[PDB]
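Heads up, coords21.cif below (mmCIF, C-alpha atoms and all ligand atoms):
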data_structure
#
loop_
_atom_site.group_PDB
_atom_site.id
_atom_site.type_symbol
_atom_site.label_atom_id
_atom_site.label_comp_id
_atom_site.auth_asym_id
_atom_site.auth_seq_id
_atom_site.Cartn_x
_atom_site.Cartn_y
_atom_site.Cartn_z
ATOM 1 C CA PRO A 1 42.860 -31.758 -12.418
ATOM 2 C CA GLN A 2 46.300 -30.987 -10.964
ATOM 3 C CA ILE A 3 47.608 -33.252 -8.194
ATOM 4 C CA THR A 4 50.569 -32.083 -6.141
ATOM 5 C CA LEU A 5 52.929 -34.547 -4.473
ATOM 6 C CA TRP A 6 52.982 -33.192 -0.908
ATOM 7 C CA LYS A 7 50.950 -36.299 -0.052
ATOM 8 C CA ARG A 8 50.503 -39.641 -1.761
ATOM 9 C CA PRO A 9 48.606 -39.109 -5.053
ATOM 10 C CA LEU A 10 45.583 -41.115 -3.915
ATOM 11 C CA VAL A 11 42.361 -40.881 -5.927
ATOM 12 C CA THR A 12 39.025 -42.678 -6.068
ATOM 13 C CA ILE A 13 38.617 -45.333 -8.757
ATOM 14 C CA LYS A 14 35.679 -47.499 -9.804
ATOM 15 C CA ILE A 15 36.506 -51.066 -10.862
ATOM 16 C CA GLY A 16 33.954 -53.813 -11.445
ATOM 17 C CA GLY A 17 31.255 -51.693 -9.830
ATOM 18 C CA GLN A 18 33.176 -51.033 -6.594
ATOM 19 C CA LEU A 19 34.901 -47.852 -5.443
ATOM 20 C CA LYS A 20 38.448 -47.893 -4.087
ATOM 21 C CA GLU A 21 41.410 -45.652 -3.313
ATOM 22 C CA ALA A 22 44.368 -46.082 -5.658
ATOM 23 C CA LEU A 23 47.798 -44.555 -6.193
ATOM 24 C CA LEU A 24 48.591 -42.774 -9.470
ATOM 25 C CA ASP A 25 52.059 -44.270 -9.861
ATOM 26 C CA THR A 26 54.369 -43.182 -12.677
ATOM 27 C CA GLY A 27 56.878 -45.723 -11.349
ATOM 28 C CA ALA A 28 54.650 -48.699 -12.223
ATOM 29 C CA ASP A 29 54.536 -50.064 -15.769
ATOM 30 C CA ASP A 30 51.223 -51.808 -15.052
ATOM 31 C CA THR A 31 48.292 -51.572 -12.653
ATOM 32 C CA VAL A 32 48.256 -53.657 -9.459
ATOM 33 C CA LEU A 33 45.151 -53.852 -7.268
ATOM 34 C CA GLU A 34 44.519 -55.317 -3.830
ATOM 35 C CA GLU A 35 43.102 -58.829 -3.609
ATOM 36 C CA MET A 36 39.574 -59.054 -5.001
ATOM 37 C CA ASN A 37 37.394 -61.708 -6.634
ATOM 38 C CA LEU A 38 36.929 -60.590 -10.219
ATOM 39 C CA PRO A 39 35.161 -62.829 -12.755
ATOM 40 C CA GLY A 40 36.723 -64.037 -15.981
ATOM 41 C CA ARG A 41 39.870 -65.825 -17.047
ATOM 42 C CA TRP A 42 43.292 -64.950 -15.654
ATOM 43 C CA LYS A 43 46.884 -66.131 -15.785
ATOM 44 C CA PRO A 44 49.406 -66.282 -12.924
ATOM 45 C CA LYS A 45 52.333 -63.887 -12.799
ATOM 46 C CA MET A 46 55.162 -62.813 -10.497
ATOM 47 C CA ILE A 47 55.916 -59.094 -10.137
ATOM 48 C CA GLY A 48 58.872 -57.592 -8.300
ATOM 49 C CA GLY A 49 59.795 -54.429 -6.477
ATOM 50 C CA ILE A 50 61.454 -53.274 -3.293
ATOM 51 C CA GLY A 51 61.479 -56.220 -0.902
ATOM 52 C CA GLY A 52 61.082 -58.978 -3.501
ATOM 53 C CA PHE A 53 58.200 -60.464 -5.459
ATOM 54 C CA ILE A 54 54.532 -61.275 -4.966
ATOM 55 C CA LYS A 55 52.245 -63.568 -6.940
ATOM 56 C CA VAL A 56 49.416 -61.826 -8.799
ATOM 57 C CA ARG A 57 46.599 -62.793 -11.156
ATOM 58 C CA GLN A 58 46.590 -60.970 -14.495
ATOM 59 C CA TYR A 59 43.208 -59.972 -15.912
ATOM 60 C CA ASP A 60 42.909 -58.341 -19.332
ATOM 61 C CA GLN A 61 40.516 -55.705 -20.671
ATOM 62 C CA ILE A 62 39.323 -54.506 -17.262
ATOM 63 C CA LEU A 63 37.424 -51.216 -17.131
ATOM 64 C CA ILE A 64 38.175 -48.815 -14.292
ATOM 65 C CA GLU A 65 37.085 -45.197 -13.907
ATOM 66 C CA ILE A 66 39.599 -42.691 -12.510
ATOM 67 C CA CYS A 67 38.085 -39.391 -11.344
ATOM 68 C CA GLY A 68 35.491 -39.672 -14.101
ATOM 69 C CA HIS A 69 38.022 -40.755 -16.750
ATOM 70 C CA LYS A 70 37.309 -44.222 -18.136
ATOM 71 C CA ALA A 71 40.199 -46.570 -18.910
ATOM 72 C CA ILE A 72 40.360 -50.233 -19.922
ATOM 73 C CA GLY A 73 43.430 -52.448 -19.831
ATOM 74 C CA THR A 74 45.425 -55.080 -17.992
ATOM 75 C CA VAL A 75 44.999 -55.348 -14.215
ATOM 76 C CA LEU A 76 47.093 -57.453 -11.830
ATOM 77 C CA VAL A 77 45.416 -58.672 -8.633
ATOM 78 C CA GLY A 78 47.271 -59.932 -5.589
ATOM 79 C CA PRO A 79 48.491 -59.156 -2.062
ATOM 80 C CA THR A 80 49.743 -55.647 -2.725
ATOM 81 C CA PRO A 81 49.658 -53.243 0.264
ATOM 82 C CA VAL A 82 48.069 -50.514 -1.891
ATOM 83 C CA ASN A 83 46.097 -50.154 -5.103
ATOM 84 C CA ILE A 84 48.472 -48.957 -7.831
ATOM 85 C CA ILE A 85 47.414 -47.291 -11.086
ATOM 86 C CA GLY A 86 50.262 -47.852 -13.534
ATOM 87 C CA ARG A 87 51.277 -46.216 -16.791
ATOM 88 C CA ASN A 88 49.218 -48.692 -18.833
ATOM 89 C CA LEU A 89 46.104 -46.914 -17.526
ATOM 90 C CA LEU A 90 47.552 -43.483 -16.692
ATOM 91 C CA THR A 91 48.155 -42.868 -20.403
ATOM 92 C CA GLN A 92 44.543 -43.725 -21.265
ATOM 93 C CA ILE A 93 43.264 -40.923 -18.999
ATOM 94 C CA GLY A 94 45.752 -38.387 -20.431
ATOM 95 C CA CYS A 95 47.928 -38.151 -17.321
ATOM 96 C CA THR A 96 51.334 -36.483 -17.518
ATOM 97 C CA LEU A 97 54.124 -35.349 -15.232
ATOM 98 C CA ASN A 98 54.904 -31.640 -15.263
ATOM 99 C CA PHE A 99 57.746 -29.620 -13.755
ATOM 100 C CA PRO B 1 58.747 -30.016 -19.106
ATOM 101 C CA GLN B 2 55.671 -32.162 -19.786
ATOM 102 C CA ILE B 3 56.314 -35.915 -19.666
ATOM 103 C CA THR B 4 53.902 -38.446 -21.125
ATOM 104 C CA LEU B 5 53.733 -41.954 -19.697
ATOM 105 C CA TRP B 6 53.776 -44.261 -22.731
ATOM 106 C CA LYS B 7 57.402 -44.972 -21.751
ATOM 107 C CA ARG B 8 59.058 -45.166 -18.346
ATOM 108 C CA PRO B 9 59.791 -41.603 -17.128
ATOM 109 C CA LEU B 10 63.531 -42.186 -16.841
ATOM 110 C CA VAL B 11 65.754 -39.129 -16.406
ATOM 111 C CA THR B 12 69.435 -38.433 -15.852
ATOM 112 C CA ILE B 13 70.370 -37.344 -12.327
ATOM 113 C CA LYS B 14 73.605 -35.890 -10.953
ATOM 114 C CA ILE B 15 74.617 -36.996 -7.455
ATOM 115 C CA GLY B 16 77.956 -37.072 -5.661
ATOM 116 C CA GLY B 17 79.547 -35.790 -8.857
ATOM 117 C CA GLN B 18 78.316 -38.780 -10.879
ATOM 118 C CA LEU B 19 75.520 -39.080 -13.423
ATOM 119 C CA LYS B 20 72.920 -41.831 -13.134
ATOM 120 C CA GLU B 21 69.616 -42.878 -14.659
ATOM 121 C CA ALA B 22 66.638 -42.820 -12.297
ATOM 122 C CA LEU B 23 62.882 -43.328 -12.494
ATOM 123 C CA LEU B 24 60.420 -40.559 -11.609
ATOM 124 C CA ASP B 25 58.190 -42.493 -9.208
ATOM 125 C CA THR B 26 55.120 -40.697 -7.849
ATOM 126 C CA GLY B 27 54.150 -43.870 -5.975
ATOM 127 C CA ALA B 28 57.315 -43.694 -3.851
ATOM 128 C CA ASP B 29 57.366 -41.618 -0.670
ATOM 129 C CA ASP B 30 61.167 -41.663 -0.592
ATOM 130 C CA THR B 31 64.089 -41.614 -3.012
ATOM 131 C CA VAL B 32 65.904 -44.962 -3.158
ATOM 132 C CA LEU B 33 69.070 -45.531 -5.198
ATOM 133 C CA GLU B 34 70.997 -48.688 -6.008
ATOM 134 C CA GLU B 35 74.233 -49.510 -4.199
ATOM 135 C CA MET B 36 76.754 -46.673 -4.436
ATOM 136 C CA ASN B 37 79.269 -44.739 -2.352
ATOM 137 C CA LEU B 38 78.154 -41.360 -1.032
ATOM 138 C CA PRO B 39 80.059 -38.986 1.256
ATOM 139 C CA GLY B 40 78.857 -37.975 4.693
ATOM 140 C CA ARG B 41 77.376 -39.760 7.667
ATOM 141 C CA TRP B 42 74.443 -42.142 7.353
ATOM 142 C CA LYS B 43 72.114 -44.079 9.631
ATOM 143 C CA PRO B 44 70.554 -47.503 8.995
ATOM 144 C CA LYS B 45 66.855 -47.492 8.165
ATOM 145 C CA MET B 46 64.115 -49.819 6.939
ATOM 146 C CA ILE B 47 61.727 -49.220 4.036
ATOM 147 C CA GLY B 48 58.904 -51.375 2.721
ATOM 148 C CA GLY B 49 57.996 -52.015 -0.889
ATOM 149 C CA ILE B 50 55.521 -54.181 -2.769
ATOM 150 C CA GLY B 51 57.496 -57.295 -1.820
ATOM 151 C CA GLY B 52 58.593 -56.567 1.736
ATOM 152 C CA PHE B 53 61.078 -54.546 3.762
ATOM 153 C CA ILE B 54 64.772 -53.977 3.042
ATOM 154 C CA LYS B 55 67.762 -52.514 4.869
ATOM 155 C CA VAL B 56 68.978 -49.172 3.496
ATOM 156 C CA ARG B 57 71.500 -46.473 4.363
ATOM 157 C CA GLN B 58 69.898 -43.068 4.928
ATOM 158 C CA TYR B 59 71.876 -40.040 3.724
ATOM 159 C CA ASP B 60 70.340 -36.716 4.758
ATOM 160 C CA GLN B 61 70.733 -33.371 2.979
ATOM 161 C CA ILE B 62 72.216 -34.825 -0.210
ATOM 162 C CA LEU B 63 72.440 -32.615 -3.292
ATOM 163 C CA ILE B 64 70.752 -34.124 -6.359
ATOM 164 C CA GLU B 65 70.223 -32.527 -9.769
ATOM 165 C CA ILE B 66 67.264 -33.805 -11.802
ATOM 166 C CA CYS B 67 66.994 -32.529 -15.385
ATOM 167 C CA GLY B 68 68.807 -29.395 -14.234
ATOM 168 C CA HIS B 69 66.621 -28.762 -11.168
ATOM 169 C CA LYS B 70 68.491 -28.792 -7.860
ATOM 170 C CA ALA B 71 67.144 -30.619 -4.817
ATOM 171 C CA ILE B 72 68.607 -31.189 -1.354
ATOM 172 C CA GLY B 73 67.009 -33.938 0.694
ATOM 173 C CA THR B 74 67.174 -37.470 2.003
ATOM 174 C CA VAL B 75 68.555 -40.251 -0.198
ATOM 175 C CA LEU B 76 68.175 -43.927 0.701
ATOM 176 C CA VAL B 77 70.800 -46.325 -0.661
ATOM 177 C CA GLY B 78 70.053 -50.037 -0.761
ATOM 178 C CA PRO B 79 68.999 -53.092 -2.789
ATOM 179 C CA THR B 80 66.304 -51.394 -4.829
ATOM 180 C CA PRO B 81 65.617 -52.927 -8.270
ATOM 181 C CA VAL B 82 65.654 -49.445 -9.850
ATOM 182 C CA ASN B 83 66.928 -45.992 -8.974
ATOM 183 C CA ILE B 84 63.694 -44.200 -8.053
ATOM 184 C CA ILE B 85 63.117 -40.499 -7.387
ATOM 185 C CA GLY B 86 60.381 -40.247 -4.763
ATOM 186 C CA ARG B 87 58.011 -37.512 -3.660
ATOM 187 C CA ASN B 88 60.501 -36.097 -1.145
ATOM 188 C CA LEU B 89 62.489 -34.778 -4.128
ATOM 189 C CA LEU B 90 59.749 -34.498 -6.763
ATOM 190 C CA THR B 91 58.136 -31.753 -4.672
ATOM 191 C CA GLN B 92 61.431 -29.852 -4.471
ATOM 192 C CA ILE B 93 61.498 -29.548 -8.278
ATOM 193 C CA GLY B 94 57.820 -28.612 -8.399
ATOM 194 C CA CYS B 95 56.590 -31.824 -10.016
ATOM 195 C CA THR B 96 52.855 -32.468 -10.375
ATOM 196 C CA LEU B 97 50.476 -34.856 -12.104
ATOM 197 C CA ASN B 98 47.852 -33.475 -14.468
ATOM 198 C CA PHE B 99 44.896 -34.956 -16.340
HETATM 199 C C1 LIG A 101 59.955 -49.785 -7.233
HETATM 200 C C2 LIG A 101 59.357 -49.284 -8.552
HETATM 201 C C3 LIG A 101 60.417 -49.399 -9.678
HETATM 202 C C4 LIG A 101 58.104 -50.160 -8.926
HETATM 203 N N1 LIG A 101 57.062 -50.017 -7.917
HETATM 204 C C5 LIG A 101 56.182 -48.790 -8.002
HETATM 205 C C6 LIG A 101 56.550 -47.811 -6.870
HETATM 206 O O1 LIG A 101 55.913 -46.616 -7.069
HETATM 207 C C7 LIG A 101 56.142 -48.373 -5.486
HETATM 208 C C8 LIG A 101 54.627 -48.476 -5.346
HETATM 209 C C9 LIG A 101 54.281 -48.863 -3.844
HETATM 210 C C10 LIG A 101 54.439 -50.314 -3.369
HETATM 211 C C11 LIG A 101 54.106 -50.688 -1.914
HETATM 212 C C12 LIG A 101 53.618 -49.613 -0.941
HETATM 213 C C13 LIG A 101 53.458 -48.154 -1.417
HETATM 214 C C14 LIG A 101 53.790 -47.783 -2.867
HETATM 215 N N2 LIG A 101 56.593 -47.439 -4.492
HETATM 216 C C15 LIG A 101 57.706 -47.754 -3.554
HETATM 217 O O2 LIG A 101 58.230 -48.848 -3.540
HETATM 218 O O3 LIG A 101 58.109 -46.711 -2.667
HETATM 219 C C16 LIG A 101 58.998 -47.045 -1.595
HETATM 220 C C17 LIG A 101 60.082 -45.811 -1.461
HETATM 221 O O4 LIG A 101 59.402 -44.826 -0.877
HETATM 222 C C18 LIG A 101 58.319 -45.540 0.003
HETATM 223 O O5 LIG A 101 57.158 -45.132 -0.290
HETATM 224 C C19 LIG A 101 56.212 -46.419 -0.593
HETATM 225 C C20 LIG A 101 56.946 -47.507 -0.456
HETATM 226 C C21 LIG A 101 58.383 -47.057 -0.418
HETATM 227 S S1 LIG A 101 56.276 -51.501 -7.403
HETATM 228 O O6 LIG A 101 55.207 -51.249 -6.431
HETATM 229 O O7 LIG A 101 57.207 -52.388 -6.690
HETATM 230 C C22 LIG A 101 55.585 -52.281 -8.936
HETATM 231 C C23 LIG A 101 56.364 -53.371 -9.669
HETATM 232 C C24 LIG A 101 55.771 -53.993 -10.955
HETATM 233 C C25 LIG A 101 54.419 -53.511 -11.473
HETATM 234 C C26 LIG A 101 53.832 -54.090 -12.719
HETATM 235 C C27 LIG A 101 54.129 -55.596 -12.792
HETATM 236 O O8 LIG A 101 54.421 -53.432 -13.822
HETATM 237 C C28 LIG A 101 53.650 -52.409 -10.737
HETATM 238 C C29 LIG A 101 54.237 -51.788 -9.464
#
As structure tokens, please, write out the structure in this file.
Ligand SMILES: CC(C)CN(C[C@@H](O)[C@H](Cc1ccccc1)NC(=O)O[C@H]1CO[C@H]2OCC[C@H]21)S(=O)(=O)c1ccc([C@H](C)O)cc1
Amino acid sequence: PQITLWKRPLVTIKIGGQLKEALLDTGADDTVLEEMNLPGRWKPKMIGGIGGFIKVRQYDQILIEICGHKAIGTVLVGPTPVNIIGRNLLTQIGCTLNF
Amino acid sequence: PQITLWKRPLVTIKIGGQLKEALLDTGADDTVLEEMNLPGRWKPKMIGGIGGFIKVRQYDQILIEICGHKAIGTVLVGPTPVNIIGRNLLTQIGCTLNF
């Protein structure tokens, strides 16, 4: 589809069997999701933005579906105020900026 | 143009007569630039990011050129880790996401 930027580019995603709202964020190298209890191994990581850093848990090879488009890659889980779909997954679904 | 997301969507911007590199950030409501001097009046404002809230100087009706497209809108100046072009200006240049 085509998503304008009048409002936040929020879309429905499906990760680990659950549906959520997430931000298609060209400003994020990687995907960051709100706190959730995923299974599997993980490694700790610190990620930074406006306001400082937060501690996240990095999971690898996580499948999420974005508006019917399947994508699998690295997902960071921690106390983010919003679910963020980063370029690592935006590319897999064929997402581009256009102006 | 059409911009793929396998690399950071960095572009050259012109502001206050100076050129700078900025990130096209669809996950940002507002445009936030690193410390710099801009002409005109400004009011103090707060903005939140992934890591918390920071103090910024709000400049209204600033002229910015992004890849040749002119925009006139609000520019926030403060301790952001990266110069980010937010949706307030991305809409002015007719930017959209597509997939
Ligand atoms: C700063 C840019 C360079 C990076 N960021 C993406 C940016 O899109 C954020 C996303 C966001 C964060 C909190 C609440 C809403 C949106 N937007 C933003 O800060 O916007 C500001 C300005 O306008 C206002 O609107 C919203 C909040 C305010 S990050 O989140 O910090 C991030 C860092 C590292 C990774 C991995 C490790 O690669 C992924 C994501």
As a VMD selection string, could you give me every residue of chain B near chain A (at most 9 Å apart, counting all atoms listed in the file)?
chain B and resid 1 to 9 23 to 29 47 to 54 79 to 82 84 87 to 88 90 to 91 93 to 99
Using all atoms of ligand LIG 101 (chain A) that appear in the file, construct an axis-aligned enclosing box with 8 Å of padding on every side and provide its centre coordinates and edge lengths in Å, rounded to one decimal, as lines of an AutoDock Vina configuration file.
center_x = 56.9
center_y = -50.2
center_z = -6.9
size_x = 23.0
size_y = 26.8
size_z = 29.8
Which of A:41, A:57, A:70, A:20 sits closest to ligand LIG 101 (chain A) [using all atoms listed in the file]
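Distance minimum relative to ligand LIG 101 (chain A) lands on A:57.
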Using only C-alpha atoms and a cutoff of 8 Å, can you tell me which residues are near (33.1, -58.2, -12.3) in the file's coordinates, and write them out as a ChimeraX atom specification?
/A:16-17,37-40
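With all atoms listed in the file as the basis for measurement, B:30 is the residue among B:42, B:76, B:61, B:30 that approaches ligand LIG 101 (chain A) most closely.
If only C-alpha atoms and all ligand atoms are the atoms counted, then among B:36, B:65, B:56, B:31 the closest residue to ligand LIG 101 (chain A) is B:31.
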Just to confirm, what's the straight-line distance from CA of residue 83 (chain B) to CA of residue 60 (chain B) in Å (one decimal)?
16.9 Å
Interatomic distance, atom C3 of ligand LIG 101 (chain A) to CA of residue 14 (chain A) (Å, one decimal):
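Answer for the atom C3 of ligand LIG 101 (chain A) to CA of residue 14 (chain A) separation: 24.8 Å.
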For atom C16 of ligand LIG 101 (chain A) and CA of residue 63 (chain B), quote the distance in Å rounded to one decimal.
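Taking atom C16 of ligand LIG 101 (chain A) as the start and CA of residue 63 (chain B) as the end point, the length is 19.8 Å.
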Using all atoms listed in the file, what residues lie at most 6 Å away from (66.5, -40.5, -16.6) (file coordinates), given as a list in words?
residues 10, 11, 12, 21 and 22 of chain B
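Using all atoms listed in the file for every distance, the candidate list B:62, B:13, B:78, B:72 yields B:78 as the residue closest to ligand LIG 101 (chain A).
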Using only C-alpha atoms and all ligand atoms, find the one residue out of B:66, B:73, B:59, B:46 that sits nearest to ligand LIG 101 (chain A).
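Closest to ligand LIG 101 (chain A) of all the choices is B:46.
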Which is closer to ligand LIG 101 (chain A) than all the others in B:19, B:34, B:43, B:71, using all atoms listed in the file?
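Checking each candidate against ligand LIG 101 (chain A), we get B:34 as the closest.
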Would you pull region 31-54 of chain B out of the block just shown and save N, CA, C and O atoms as a PDB file, in the first residue's frame?
ATOM      1  N   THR B  31      11.009  17.520  13.671  1.00  0.00           N
ATOM      2  CA  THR B  31      12.362  17.627  13.144  1.00  0.00           C
ATOM      3  C   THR B  31      13.276  18.146  14.247  1.00  0.00           C
ATOM      4  O   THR B  31      13.015  19.205  14.828  1.00  0.00           O
ATOM      5  N   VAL B  32      14.340  17.402  14.536  1.00  0.00           N
ATOM      6  CA  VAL B  32      15.254  17.730  15.623  1.00  0.00           C
ATOM      7  C   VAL B  32      16.670  17.727  15.066  1.00  0.00           C
ATOM      8  O   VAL B  32      17.112  16.724  14.492  1.00  0.00           O
ATOM      9  N   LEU B  33      17.379  18.840  15.239  1.00  0.00           N
ATOM     10  CA  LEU B  33      18.728  19.006  14.723  1.00  0.00           C
ATOM     11  C   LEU B  33      19.708  19.207  15.870  1.00  0.00           C
ATOM     12  O   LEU B  33      19.360  19.752  16.922  1.00  0.00           O
ATOM     13  N   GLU B  34      20.943  18.764  15.651  1.00  0.00           N
ATOM     14  CA  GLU B  34      21.995  18.942  16.636  1.00  0.00           C
ATOM     15  C   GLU B  34      22.220  20.429  16.911  1.00  0.00           C
ATOM     16  O   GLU B  34      21.690  21.308  16.228  1.00  0.00           O
ATOM     17  N   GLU B  35      23.031  20.699  17.933  1.00  0.00           N
ATOM     18  CA  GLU B  35      23.311  22.068  18.345  1.00  0.00           C
ATOM     19  C   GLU B  35      23.806  22.901  17.170  1.00  0.00           C
ATOM     20  O   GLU B  35      24.723  22.501  16.449  1.00  0.00           O
ATOM     21  N   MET B  36      23.191  24.066  16.985  1.00  0.00           N
ATOM     22  CA  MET B  36      23.582  24.998  15.935  1.00  0.00           C
ATOM     23  C   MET B  36      22.940  26.344  16.233  1.00  0.00           C
ATOM     24  O   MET B  36      22.010  26.442  17.038  1.00  0.00           O
ATOM     25  N   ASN B  37      23.446  27.378  15.570  1.00  0.00           N
ATOM     26  CA  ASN B  37      22.901  28.723  15.684  1.00  0.00           C
ATOM     27  C   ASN B  37      21.919  28.963  14.546  1.00  0.00           C
ATOM     28  O   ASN B  37      22.259  28.763  13.375  1.00  0.00           O
ATOM     29  N   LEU B  38      20.708  29.380  14.891  1.00  0.00           N
ATOM     30  CA  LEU B  38      19.714  29.759  13.902  1.00  0.00           C
ATOM     31  C   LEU B  38      19.184  31.147  14.219  1.00  0.00           C
ATOM     32  O   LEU B  38      19.053  31.512  15.393  1.00  0.00           O
ATOM     33  N   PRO B  39      18.872  31.942  13.200  1.00  0.00           N
ATOM     34  CA  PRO B  39      18.310  33.270  13.448  1.00  0.00           C
ATOM     35  C   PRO B  39      16.833  33.200  13.808  1.00  0.00           C
ATOM     36  O   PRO B  39      16.134  32.225  13.524  1.00  0.00           O
ATOM     37  N   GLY B  40      16.368  34.265  14.450  1.00  0.00           N
ATOM     38  CA  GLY B  40      14.979  34.389  14.839  1.00  0.00           C
ATOM     39  C   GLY B  40      14.758  34.037  16.299  1.00  0.00           C
ATOM     40  O   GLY B  40      15.636  33.531  17.001  1.00  0.00           O
ATOM     41  N   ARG B  41      13.543  34.327  16.756  1.00  0.00           N
ATOM     42  CA  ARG B  41      13.163  34.015  18.123  1.00  0.00           C
ATOM     43  C   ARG B  41      12.927  32.516  18.281  1.00  0.00           C
ATOM     44  O   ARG B  41      12.718  31.783  17.310  1.00  0.00           O
ATOM     45  N   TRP B  42      12.964  32.063  19.530  1.00  0.00           N
ATOM     46  CA  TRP B  42      12.742  30.661  19.842  1.00  0.00           C
ATOM     47  C   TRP B  42      12.227  30.546  21.267  1.00  0.00           C
ATOM     48  O   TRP B  42      12.542  31.374  22.126  1.00  0.00           O
ATOM     49  N   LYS B  43      11.434  29.506  21.507  1.00  0.00           N
ATOM     50  CA  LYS B  43      10.901  29.222  22.825  1.00  0.00           C
ATOM     51  C   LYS B  43      11.412  27.871  23.311  1.00  0.00           C
ATOM     52  O   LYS B  43      11.633  26.963  22.505  1.00  0.00           O
ATOM     53  N   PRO B  44      11.616  27.707  24.617  1.00  0.00           N
ATOM     54  CA  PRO B  44      12.046  26.400  25.125  1.00  0.00           C
ATOM     55  C   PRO B  44      10.906  25.395  25.088  1.00  0.00           C
ATOM     56  O   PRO B  44       9.746  25.734  25.332  1.00  0.00           O
ATOM     57  N   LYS B  45      11.248  24.149  24.770  1.00  0.00           N
ATOM     58  CA  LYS B  45      10.261  23.087  24.671  1.00  0.00           C
ATOM     59  C   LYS B  45      10.904  21.772  25.082  1.00  0.00           C
ATOM     60  O   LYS B  45      12.130  21.641  25.119  1.00  0.00           O
ATOM     61  N   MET B  46      10.055  20.799  25.398  1.00  0.00           N
ATOM     62  CA  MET B  46      10.482  19.458  25.771  1.00  0.00           C
ATOM     63  C   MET B  46       9.999  18.462  24.727  1.00  0.00           C
ATOM     64  O   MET B  46       8.881  18.582  24.214  1.00  0.00           O
ATOM     65  N   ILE B  47      10.840  17.478  24.417  1.00  0.00           N
ATOM     66  CA  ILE B  47      10.465  16.379  23.533  1.00  0.00           C
ATOM     67  C   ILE B  47      11.004  15.080  24.110  1.00  0.00           C
ATOM     68  O   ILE B  47      12.107  15.041  24.664  1.00  0.00           O
ATOM     69  N   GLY B  48      10.226  14.015  23.962  1.00  0.00           N
ATOM     70  CA  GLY B  48      10.604  12.706  24.445  1.00  0.00           C
ATOM     71  C   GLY B  48      11.084  11.817  23.315  1.00  0.00           C
ATOM     72  O   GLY B  48      10.603  11.901  22.187  1.00  0.00           O
ATOM     73  N   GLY B  49      12.053  10.966  23.635  1.00  0.00           N
ATOM     74  CA  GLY B  49      12.550   9.981  22.699  1.00  0.00           C
ATOM     75  C   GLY B  49      12.500   8.597  23.306  1.00  0.00           C
ATOM     76  O   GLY B  49      11.793   8.373  24.293  1.00  0.00           O
ATOM     77  N   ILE B  50      13.253   7.659  22.733  1.00  0.00           N
ATOM     78  CA  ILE B  50      13.251   6.300  23.258  1.00  0.00           C
ATOM     79  C   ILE B  50      13.840   6.264  24.663  1.00  0.00           C
ATOM     80  O   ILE B  50      13.484   5.397  25.470  1.00  0.00           O
ATOM     81  N   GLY B  51      14.730   7.201  24.986  1.00  0.00           N
ATOM     82  CA  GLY B  51      15.461   7.153  26.238  1.00  0.00           C
ATOM     83  C   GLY B  51      15.021   8.155  27.288  1.00  0.00           C
ATOM     84  O   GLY B  51      15.515   8.121  28.419  1.00  0.00           O
ATOM     85  N   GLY B  52      14.106   9.051  26.940  1.00  0.00           N
ATOM     86  CA  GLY B  52      13.619  10.035  27.878  1.00  0.00           C
ATOM     87  C   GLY B  52      13.356  11.352  27.185  1.00  0.00           C
ATOM     88  O   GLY B  52      13.234  11.414  25.964  1.00  0.00           O
ATOM     89  N   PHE B  53      13.281  12.411  27.989  1.00  0.00           N
ATOM     90  CA  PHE B  53      12.909  13.740  27.523  1.00  0.00           C
ATOM     91  C   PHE B  53      14.094  14.691  27.627  1.00  0.00           C
ATOM     92  O   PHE B  53      14.867  14.632  28.588  1.00  0.00           O
ATOM     93  N   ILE B  54      14.223  15.574  26.635  1.00  0.00           N
ATOM     94  CA  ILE B  54      15.338  16.506  26.554  1.00  0.00           C
ATOM     95  C   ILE B  54      14.804  17.918  26.354  1.00  0.00           C
ATOM     96  O   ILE B  54      13.689  18.126  25.870  1.00  0.00           O
TER      97      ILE B  54
END
